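Excluded from the calculations below are hydrogen atoms, water molecules and symmetry mates; all remaining heavy atoms, backbone and side chain alike, are included. Just so we're on the same page: letters track the sequence lines, and every chain starts at 1.
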Amino acid sequence: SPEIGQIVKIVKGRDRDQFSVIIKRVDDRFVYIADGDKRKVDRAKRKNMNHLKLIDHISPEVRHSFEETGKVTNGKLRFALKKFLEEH
RNA sequence: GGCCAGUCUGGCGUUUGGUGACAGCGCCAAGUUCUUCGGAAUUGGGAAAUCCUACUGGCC
């Protein structure tokens, strides 16, 4: 099952072939994603899990942001995705 | 495999919408119908839907 702060690669939709971050879990089928750059948290995108590829990387920055504040900022989403690309 | 609900000429751009196929807006291209021959108007197949191919979402 998906986790808050987990990296996904979008496989369907107009934003396909981008990496994004799961920022909310609705149920086991639907989540919300955002990247803090072109898709910011105030425009988070509803996605069927079948249209994402789960990646084995959860950003601690995003996960810690939600643990301490219940939210995530656009700056932390951008930083998490940038760190993911560099390491992986 | 079965059923329900969807999408429509091809291409690419887009921090627009859509879970998605896609759509919107844009321009490029093809077919077709026009022309004042500069350029306009259109759009899967089919005479037709409770039809069909392809594709998408859900259920079994």
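Using the sign of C1'-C2'-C3'-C4' as the criterion, B:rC25 is classed as a north pucker. Sugar pucker at B:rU32: north, on the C3'-endo side, as the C1'-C2'-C3'-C4' dihedral is above zero.
Contact check, A:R29 against B:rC59: a side-chain N or O comes under 4.0 Å of OP1 or OP2. Taking 4.0 angstrom as the limit, A:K38 places none of its side-chain polar atoms (N or O) nearer than this to OP1 or OP2 of B:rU16. Using a 4.0 Å cut-off, some side-chain N or O of A:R46 falls inside it from OP1 or OP2 of B:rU19. The phosphate of B:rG58 (OP1 or OP2) has a side-chain N or O of A:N48 nearer than 4.0 angstrom. OP1 or OP2 of B:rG57 lies within a sub-4.0 Å distance of a side-chain N or O belonging to A:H51.
Between the NZ atom of A:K12 and the P atom of B:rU56 there is a distance of 7 Å, given to the nearest Å. Here B:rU15 presents its P atom at 17 Å from CG of A:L77, a figure rounded to the nearest Å. Summarising the geometry, the separation between CZ on A:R25 and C1' on B:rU19 is reported as 16 Å, rounded to the nearest angstrom. The distance from atom CZ of A:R14 to atom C1' of B:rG24 is 9 Å, rounded to the nearest whole Å.
Taking the P atom of each, B:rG38 and B:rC51 are spaced 47 Å apart, rounded to whole Å. Comparing B:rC3 with B:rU42, their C1' atoms are spaced 37 Å from each other, to the whole Å.
Within 4.0 Å of A:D37, counting heavy atoms only, lies at least one base atom of the nucleic acid.
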